[PDB]
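Report on the structure given below.
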Amino acid sequence: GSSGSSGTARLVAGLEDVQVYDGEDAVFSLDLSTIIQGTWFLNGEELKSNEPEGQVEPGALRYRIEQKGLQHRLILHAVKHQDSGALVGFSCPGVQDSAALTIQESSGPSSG
């Protein structure tokens, strides 16, 4: 919904790197200069607001997206390790930024 001139926007508070253990939950957010509607990305992939598509299924992981004027956010609950060093960024017509999601393994090589 674009009531007023929502051509482009400016970045005021870019994203930030976040590292969590396997199964944990990641959180990302950013600020803008004006209202706008962009798109989120994960591991170089274009996510959907309503429902995803392609090789990935709509029933693989749980995520939350909060879009409010110049306030975006994306939390990934139960982040898998296999997706270590993921790429979480919000692409929009006027701004371009992204972050790095590092995921370490809970257990390591000890016995065996």
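According to the deposited numbering, the sequence shown is numbered sequentially starting from 1.
Just so you know, even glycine gets a beta-carbon here, dropped at the ideal spot from N, CA and C.
{"Query": "Rounded straight-line distance, which links the Cα of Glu-66 to that of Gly-59", "Result": "20 Å"}
{"Query": "Per-residue DSSP class, three states only, for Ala-86", "Result": "strand"}
{"Query": "Other residues of its chain near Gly-38: CB distance less than 6 Å, five sequence neighbours each side excluded", "Result": "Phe-90, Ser-91 and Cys-92"}
{"Query": "Sufficient close CB pairs (3 or more, under 8 Å) joining the region 6-15 to the region 44-53", "Result": "no"}
{"Query": "Range of the contiguous beta strand (DSSP E) that encloses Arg-73", "Result": "71-77"}
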